[PDB]
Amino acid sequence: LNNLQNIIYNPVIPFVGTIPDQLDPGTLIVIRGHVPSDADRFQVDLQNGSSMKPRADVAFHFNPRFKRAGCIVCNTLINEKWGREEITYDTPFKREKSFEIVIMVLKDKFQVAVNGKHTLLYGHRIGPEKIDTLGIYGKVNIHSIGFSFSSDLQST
């Protein structure tokens, strides 16, 4: 409900960048982009740091996959080992279609909407205060990355 504040337009992919502010409850991450016609998958990762080796922990891996029926895989990476996947089969992403992802950080979970329709929840596995880095990888065109805040949904 606050005005969007974009940090970057048209970032080169893979993108890695520092998040300006701590992801307190009510924070919104807003990502606009387009799925190329040949995309197999892309991901948005909320990371504890940016190291590639040992690979930084990923508090929240949000991973649309386009083969077969399509799905979104969510998971957490700790010390270079993935945990148990949570798979959402009702996916709104399609090759050759554009999207607006809104990741809402709540007290107990992430709530993700795409094109304004609720898509999935992911309970926190590590504290969101450990997140300082946003990564975007794979086959995706990103138009903008920005941050907002909602006091309404801040406590729910």
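What we label the rigid core is the largest C-alpha set whose atoms superpose within 1.5 Å from one form to the other. All residue numbers are counted from 1 along the displayed sequence.
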ask   = in 5 other deposited structures of this protein, superposed by the rigid core, which stretch departs further from the shown form in CA positions, 5 to 13 or 134 to 142?
value = 5 to 13
remark   = The stretch whose C-alpha atoms carry the larger average B-factor in the entry, 144 to 152 or 129 to 137, is 144 to 152
inquiry  = I need to verify one thing: averaged over C-alpha atoms only, is the B-factor higher for 56 to 64 or for 37 to 45?
reply    = 37 to 45
note = One of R32, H118, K109, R95 has the largest Cα B-factor in the entry, namely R95
